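What follows is one chain in structure tokens, specifically the form deposited in one PDB entry.
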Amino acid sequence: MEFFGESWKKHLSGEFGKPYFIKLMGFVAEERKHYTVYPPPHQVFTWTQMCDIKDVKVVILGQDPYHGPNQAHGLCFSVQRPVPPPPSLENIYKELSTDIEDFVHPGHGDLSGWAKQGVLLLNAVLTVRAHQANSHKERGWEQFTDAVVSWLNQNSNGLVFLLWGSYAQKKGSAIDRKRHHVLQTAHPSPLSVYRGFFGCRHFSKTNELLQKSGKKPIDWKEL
């Protein structure tokens, strides 16, 4: 119980009774019986437990969870102490250090600090079979995360979406590019970071857009 934060469950509950969702949860359940799936069930929706849905100001959309033991916990790119930051996160910190002058490696990989500030740390696909990246794509997660993006698009204003990677970028078409700001770059994984993530300056750019629309910027060092 209580895997979903109250305000999130209230606005996404309409998906629960849909065939694709019932079949999606059915698939993940069958998978957990034969393989190790990440993150654990009680953490698949951690991204709804950090702030009220109406308080989201920035959305970071990744591809799918870390596929190693004890890494993924429901917030994209984040890992709970004492787990060391995986390759993707070390790259995010590397960019943050050159993008934000006051930013220095926090010495851990827990990104709850950002989420509590209204930064939704979402992935297009919310589960993954151990050691197999994007193994759970096209099973129904995409329509669910589409519902999340769609609600935010219609009920919020001036949000800043950071779509990292081709899969996250599939959601760009559902975002009113006039009402919200969409920043797109390569995924921070070592296998693609060199295609543009380094130098993208999305963190400083995100705050410029927020402050321009009179909103409090994100303190990226607040972790």
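Residue numbers here begin at 1 and follow the sequence given. Rigid core (definition): largest C-alpha set, two forms, superposition within 1.5 Å.
The form deposited in another entry exists for this protein as well; it is not shown, and the discussion that follows is about that form.
- Of the residues checked (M50, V37, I53, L159), the rigid-core alignment between this form and the one not shown shows a Cα shift of at least 2 Å for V37 alone.
- The rigid-core alignment places the CA of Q117 less than 2 Å apart between this form and the one not shown.
- With the core superposed, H105 shows a C-alpha displacement below 2 Å between this form and the one not shown.
- Put the two forms on the same core and the Cα of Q132 is off by 2 Å or more between this form and the one not shown.
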